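Working notes for the structure below.
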Amino acid sequence: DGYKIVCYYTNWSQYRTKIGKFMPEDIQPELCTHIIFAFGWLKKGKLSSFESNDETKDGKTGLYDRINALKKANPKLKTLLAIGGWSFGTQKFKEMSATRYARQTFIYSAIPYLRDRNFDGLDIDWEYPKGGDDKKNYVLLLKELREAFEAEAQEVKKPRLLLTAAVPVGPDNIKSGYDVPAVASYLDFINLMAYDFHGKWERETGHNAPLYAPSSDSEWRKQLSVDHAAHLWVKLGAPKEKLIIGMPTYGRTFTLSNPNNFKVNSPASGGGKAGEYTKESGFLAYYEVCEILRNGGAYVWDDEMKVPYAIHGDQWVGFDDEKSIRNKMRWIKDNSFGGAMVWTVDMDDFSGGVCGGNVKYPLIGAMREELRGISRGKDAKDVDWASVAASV
Ligand SMILES: CC(=O)N[C@@H]1[C@@H](O)[C@H](O[C@@H]2O[C@H](CO)[C@@H](O[C@@H]3O[C@H](CO)[C@@H](O)[C@H](O)[C@H]3NC(C)=O)[C@H](O)[C@H]2NC(C)=O)[C@@H](CO)O[C@H]1O
Ligand SMILES: CC(=O)N[C@@H]1[C@@H](O)[C@H](O[C@@H]2O[C@H](CO)[C@@H](O[C@@H]3O[C@H](CO)[C@@H](O)[C@H](O)[C@H]3NC(C)=O)[C@H](O)[C@H]2NC(C)=O)[C@@H](CO)O[C@H]1O
């Protein structure tokens, strides 16, 4: 019991190079209370493997087993398999949820799939149900999943499979797709995706995950904050304790139209240049942001949003650091939410070698410290970026 620390592990992190290369054994068994494996997949309406190397076959241990092997060292650890995500899209969910036969086909495939692979539950990551049909059918899917999980638990006499979901922070997305009271009822807990609030799809800089909106925000734009989103879900009927608030170990990047105009809400010409390890314009891992800050980048703390951003030339990144993460943990406690969720475990400074404080998992370690009272170790000190990096 207590606050949850819910960590997403992404199976594509296995393909990154050099400092970016991540494997299940890089996760400390005691780091998180839950590890969610992103992702499984759907084939012919049934739960299936994303890639053959997630599976164990021919004496070669797959990623599923290597993640679940962490429970040998920490038997309290729970694992779940996520289905969906951005790549997965919506059409396969629409089809699977559209009829009782399609739903039950999925459900009775999901239970043995999970049990045979020693997963403790299923995380539904449909992005996103949209429109009245999806809104109803999503509730029906969760409802039938939950009652089938309940029936199985009683028949096999094992603890029940968990059912969770990752849900959006955009008010339009929420209203269109989510019957919040029913959704909240059928889920064990709710992974609030409190990030991607702003990014290269907009023509001005904005933070990936501001706790509060800046005052320069239009009052439409003010809805886009962690604080507003979490409270919206409560207002709509989600129990506070079921809300696990997402925390990004990444930032979103912009190229400034003019390097002299570098504050939040400054004109941008597009996304920031790709990182060496994550190789995607508009995006950087926390440890890629660290390299910037240790190589001439300027650090700004925004005391309105309670988050930092970094500038280097015309490159702008809104990210979370040990300071913003600790402050969000205090806000989690002050508001009695259920804990913190992390996207992802593989973009923290997991080696402890990149950000300079010589602490493995500085961000997630900070989450666990603040929420569960577990020290990150003897001389584990937050990097003070205001001193380490340049200023504006
Ligand atoms: C839990 C939740 O709903 N997750 C959201 C994530 O989907 C999202 O991250 C992106 O996820 C997609 C899959 O959903 C990634 O696609 C894969 O990307 C790598 C290369 O980057 C590739 O090697 C994989 O094979 C590929 N798979 C296939 C089969 O498509 C995508 O890269 C992710 N990348 C980024 C930069 O986000 C995150 C981020 O917003 O939000 C989650 O909540
Ligand atoms: C045509 C156009 O660009 N329209 C914009 C809308 O898309 C935008 O909504 C935001 O869309 C972007 C993508 O266009 C979302 O970012 C994506 O987030 C997913 C996970 O949430 C991530 O896996 C993707 O990688 C990422 N895409 C990119 C390109 O980085 C973003 O989450 C949407 N907004 C919110 C609040 O969730 C809105 C913005 O006003 O309208 C147009 O600008």
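If you're wondering about the labels, chains in the structure tokens are A, B, ... by order shown, residues count from 1 in each chain, ligands from 1 in order shown.
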
Wanna dump the chain A-ligand 1 contacts at 8 Å for me, each residue with its shortest atom pair and the distance in Å to one decimal, counting only C-alpha atoms and all ligand atoms, ordered by chain and number, as a Markdown table?
```
| residue | atom | partner | partner_atom_place_in_ligand_line | distance |
| --- | --- | --- | --- | --- |
| A:8 | CA | ligand 1 | 1 (C) | 7.2 |
| A:11 | CA | ligand 1 | 24 (C) | 7.9 |
| A:12 | CA | ligand 1 | 23 (O) | 4.9 |
| A:13 | CA | ligand 1 | 23 (O) | 7.6 |
| A:15 | CA | ligand 1 | 23 (O) | 7.0 |
| A:38 | CA | ligand 1 | 1 (C) | 6.9 |
| A:39 | CA | ligand 1 | 13 (C) | 7.5 |
| A:50 | CA | ligand 1 | 29 (C) | 7.1 |
| A:82 | CA | ligand 1 | 1 (C) | 7.1 |
| A:84 | CA | ligand 1 | 14 (O) | 6.4 |
| A:85 | CA | ligand 1 | 14 (O) | 3.4 |
| A:86 | CA | ligand 1 | 14 (O) | 3.6 |
| A:87 | CA | ligand 1 | 14 (O) | 4.3 |
| A:88 | CA | ligand 1 | 14 (O) | 6.1 |
| A:124 | CA | ligand 1 | 3 (O) | 7.9 |
| A:125 | CA | ligand 1 | 3 (O) | 4.5 |
| A:126 | CA | ligand 1 | 3 (O) | 6.8 |
| A:127 | CA | ligand 1 | 3 (O) | 6.6 |
| A:166 | CA | ligand 1 | 3 (O) | 5.4 |
| A:167 | CA | ligand 1 | 3 (O) | 7.3 |
| A:193 | CA | ligand 1 | 43 (O) | 5.5 |
| A:195 | CA | ligand 1 | 40 (O) | 7.3 |
| A:196 | CA | ligand 1 | 40 (O) | 5.9 |
| A:278 | CA | ligand 1 | 21 (O) | 6.8 |
| A:279 | CA | ligand 1 | 21 (O) | 7.5 |
| A:280 | CA | ligand 1 | 36 (C) | 6.2 |
| A:282 | CA | ligand 1 | 36 (C) | 7.9 |
| A:283 | CA | ligand 1 | 36 (C) | 5.8 |
| A:284 | CA | ligand 1 | 36 (C) | 7.8 |
| A:343 | CA | ligand 1 | 43 (O) | 6.6 |
```

Pull C-alpha atoms from the residues just selected and write them as a PDB file, in the first residue's frame.
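So selection-v9.pdb came out as:
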```
ATOM      1  CA  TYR A   8       6.445   2.340 -18.129  1.00  0.00           C
ATOM      2  CA  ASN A  11      10.476  -2.460 -25.544  1.00  0.00           C
ATOM      3  CA  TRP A  12      11.932  -0.289 -28.352  1.00  0.00           C
ATOM      4  CA  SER A  13      14.447   1.164 -25.872  1.00  0.00           C
ATOM      5  CA  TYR A  15      17.457  -0.609 -29.985  1.00  0.00           C
ATOM      6  CA  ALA A  38       4.791  -1.043 -23.525  1.00  0.00           C
ATOM      7  CA  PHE A  39       3.542  -2.699 -25.582  1.00  0.00           C
ATOM      8  CA  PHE A  50       4.527  -6.801 -30.484  1.00  0.00           C
ATOM      9  CA  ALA A  82      -0.005  -2.352 -21.970  1.00  0.00           C
ATOM     10  CA  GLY A  84      -2.270   0.426 -27.524  1.00  0.00           C
ATOM     11  CA  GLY A  85      -0.206   3.573 -27.628  1.00  0.00           C
ATOM     12  CA  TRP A  86       0.387   6.104 -30.391  1.00  0.00           C
ATOM     13  CA  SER A  87       1.565   3.677 -33.126  1.00  0.00           C
ATOM     14  CA  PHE A  88      -1.322   1.270 -32.508  1.00  0.00           C
ATOM     15  CA  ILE A 124      -5.455  -0.216 -21.821  1.00  0.00           C
ATOM     16  CA  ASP A 125      -3.858   2.585 -23.853  1.00  0.00           C
ATOM     17  CA  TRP A 126      -6.415   3.505 -26.510  1.00  0.00           C
ATOM     18  CA  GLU A 127      -5.480   6.889 -27.963  1.00  0.00           C
ATOM     19  CA  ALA A 166      -3.599   5.474 -19.634  1.00  0.00           C
ATOM     20  CA  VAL A 167      -5.878   8.458 -20.173  1.00  0.00           C
ATOM     21  CA  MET A 193      -0.829  11.094 -19.132  1.00  0.00           C
ATOM     22  CA  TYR A 195       2.660  15.359 -20.367  1.00  0.00           C
ATOM     23  CA  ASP A 196       2.678  16.373 -24.063  1.00  0.00           C
ATOM     24  CA  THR A 278      16.198   9.202 -29.333  1.00  0.00           C
ATOM     25  CA  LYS A 279      16.614  10.500 -32.901  1.00  0.00           C
ATOM     26  CA  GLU A 280      13.309  12.368 -33.114  1.00  0.00           C
ATOM     27  CA  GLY A 282      10.704  17.732 -31.107  1.00  0.00           C
ATOM     28  CA  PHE A 283      11.728  15.300 -28.419  1.00  0.00           C
ATOM     29  CA  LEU A 284      14.621  14.610 -26.045  1.00  0.00           C
ATOM     30  CA  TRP A 343       7.012   7.806 -18.975  1.00  0.00           C
TER      31      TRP A 343
END
```

Selection near residue 302 in chain A, 9 Å with only C-alpha atoms, sequence-local residues under 5 positions removed, as JSON, numbers by chain = {"A": [214, 264, 307, 308, 309]}

Writer output for current selection, N, CA, C and O atoms, as a short mmCIF file (atom, residue, chain, number, x, y, z; two decimals), in the first residue's frame:
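As written to disk, out23.cif reads:
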```
data_model
loop_
_atom_site.label_atom_id
_atom_site.label_comp_id
_atom_site.auth_asym_id
_atom_site.auth_seq_id
_atom_site.Cartn_x
_atom_site.Cartn_y
_atom_site.Cartn_z
N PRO A 214 1.32 29.19 -17.59
CA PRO A 214 1.85 30.54 -17.40
C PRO A 214 0.76 31.59 -17.55
O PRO A 214 -0.27 31.32 -18.16
N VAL A 264 8.98 31.23 -22.39
CA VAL A 264 7.82 30.41 -22.75
C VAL A 264 6.88 31.29 -23.58
O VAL A 264 6.85 32.51 -23.40
N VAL A 307 8.31 24.57 -13.48
CA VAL A 307 9.13 23.65 -14.26
C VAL A 307 10.26 24.42 -14.96
O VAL A 307 10.17 25.63 -15.17
N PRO A 308 11.34 23.71 -15.31
CA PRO A 308 12.42 24.39 -16.02
C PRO A 308 12.33 24.26 -17.54
O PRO A 308 11.64 23.37 -18.08
N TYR A 309 13.04 25.15 -18.22
CA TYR A 309 13.39 24.91 -19.60
C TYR A 309 14.84 25.30 -19.86
O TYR A 309 15.46 26.05 -19.09
#
```

Distance table requested - range 267-326 of chain A against range 365-375 of chain A, cut-off 9 Å, only C-alpha atoms: one row per qualifying residue with the closest atom pair and its distance in Å to one decimal, ordered by chain and rising residue number, as JSON lines.
```
{"residue": "A:322", "atom": "CA", "partner": "A:366", "partner_atom": "CA", "distance": 6.7}
{"residue": "A:325", "atom": "CA", "partner": "A:367", "partner_atom": "CA", "distance": 7.0}
{"residue": "A:326", "atom": "CA", "partner": "A:366", "partner_atom": "CA", "distance": 6.4}
```

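Distance annotation: of A:220, A:233, A:41, A:22, the residue with the minimal separation from ligand 2 is A:220; atom set is only C-alpha atoms and all ligand atoms.
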
Can you tell me, as a ChimeraX atom specification, what residues are no more than 9 Å from residue 320 in chain A when counting only C-alpha atoms, ignoring any on the same chain fewer than 5 positions away?
-> /A:208-210,247-251,286,307-309,325,363

Sorted per-residue table, chain A near ligand 2, closest atoms and distance, 7 Å, only C-alpha atoms and all ligand atoms, as JSON lines:
```
{"residue": "A:86", "atom": "CA", "partner": "ligand 2", "partner_atom_place_in_ligand_line": "23 (O)", "distance": 4.9}
{"residue": "A:168", "atom": "CA", "partner": "ligand 2", "partner_atom_place_in_ligand_line": "37 (O)", "distance": 6.9}
{"residue": "A:169", "atom": "CA", "partner": "ligand 2", "partner_atom_place_in_ligand_line": "36 (C)", "distance": 6.5}
{"residue": "A:170", "atom": "CA", "partner": "ligand 2", "partner_atom_place_in_ligand_line": "36 (C)", "distance": 4.7}
{"residue": "A:196", "atom": "CA", "partner": "ligand 2", "partner_atom_place_in_ligand_line": "32 (O)", "distance": 4.9}
{"residue": "A:197", "atom": "CA", "partner": "ligand 2", "partner_atom_place_in_ligand_line": "36 (C)", "distance": 4.7}
{"residue": "A:198", "atom": "CA", "partner": "ligand 2", "partner_atom_place_in_ligand_line": "36 (C)", "distance": 6.5}
{"residue": "A:199", "atom": "CA", "partner": "ligand 2", "partner_atom_place_in_ligand_line": "30 (O)", "distance": 6.1}
{"residue": "A:200", "atom": "CA", "partner": "ligand 2", "partner_atom_place_in_ligand_line": "30 (O)", "distance": 6.1}
{"residue": "A:201", "atom": "CA", "partner": "ligand 2", "partner_atom_place_in_ligand_line": "3 (O)", "distance": 4.7}
{"residue": "A:202", "atom": "CA", "partner": "ligand 2", "partner_atom_place_in_ligand_line": "43 (O)", "distance": 5.0}
{"residue": "A:224", "atom": "CA", "partner": "ligand 2", "partner_atom_place_in_ligand_line": "36 (C)", "distance": 6.8}
{"residue": "A:282", "atom": "CA", "partner": "ligand 2", "partner_atom_place_in_ligand_line": "30 (O)", "distance": 6.3}
```

Any idea what's packed within 9 Å of residue 392 in chain A, counting only C-alpha atoms, ignoring anything in its chain fewer than 4 positions away? Could you give it as a list in words?
-> residues 298, 299, 300 and 311 of chain A

DSSP on the backbone: what in range 87-308 of chain A comes out helix (DSSP H, G or I), as a PyMOL selection string?
-> chain A and resi 91-97+100-116+132-156+171-177+180-186+221-223+226-235+240-242+286-293

Please provide as a list in words all residues within 10 Å of residue 99 in chain A, with the sequence filter that same-chain residues fewer than 5 positions apart are discarded (counting only C-alpha atoms).
-> residues 94, 104, 105, 137, 140 and 141 of chain A

Hey, what's within 12 Å of residue 296 in chain A if we count only C-alpha atoms and toss same-chain stuff fewer than 5 positions away? As number ranges by chain, please?
-> A: 289-291, 310-313, 315, 385, 388-392

DSSP strand (DSSP E or B) residues within range 71-164 of chain A, listed as number ranges by chain = A: 78-84, 121-125, 162-164

Output file for the selection above: C-alpha atoms, as a CSV table (one decimal), in the first residue's frame:
```
chain,number,residue,atom,x,y,z
A,78,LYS,CA,3.6,-5.9,-9.9
A,79,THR,CA,3.9,-6.0,-13.7
A,80,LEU,CA,1.2,-5.2,-16.4
A,81,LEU,CA,1.1,-5.5,-20.1
A,82,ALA,CA,0.0,-2.4,-22.0
A,83,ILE,CA,-2.0,-2.6,-25.2
A,84,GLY,CA,-2.3,0.4,-27.5
A,121,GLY,CA,-2.6,-7.2,-15.2
A,122,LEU,CA,-3.5,-5.3,-18.3
A,123,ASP,CA,-3.2,-1.6,-19.1
A,124,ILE,CA,-5.5,-0.2,-21.8
A,125,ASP,CA,-3.9,2.6,-23.9
A,162,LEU,CA,-5.3,-5.7,-12.5
A,163,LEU,CA,-7.0,-3.5,-15.0
A,164,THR,CA,-5.7,0.0,-15.7
```

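A straight line drawn from CA of residue 7 in chain A to CA of residue 136 in chain A is 28.9 Å long.
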
Which distance in Å separates CA of residue 17 in chain A and CA of residue 275 in chain A, to one decimal?
-> 11.7 Å

Polymer residues at most 7 Å from residue 236 in chain A, only C-alpha atoms, same-chain spacing of 2 or more positions, as a PyMOL selection string = chain A and resi 180-181+232-234+238

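Nearest-residue note for residue 68 in chain A: choosing from A:270, A:356, A:259, A:29, the minimum distance belongs to A:29, counting only C-alpha atoms.
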
Atom pair CA of residue 341 in chain A + CA of residue 4 in chain A, distance 7.7 Å

For residue 159 in chain A, which residue among A:133, A:120, A:138, A:303 is the nearest when counting only C-alpha atoms?
-> A:120

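For the choices A:358, A:191, A:14, A:33, the atom-to-atom distance to residue 241 in chain A is smallest for A:191 when using only C-alpha atoms.
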
Using only C-alpha atoms, which of A:65, A:144, A:179, A:155 sits nearest residue 129 in chain A?
-> A:179
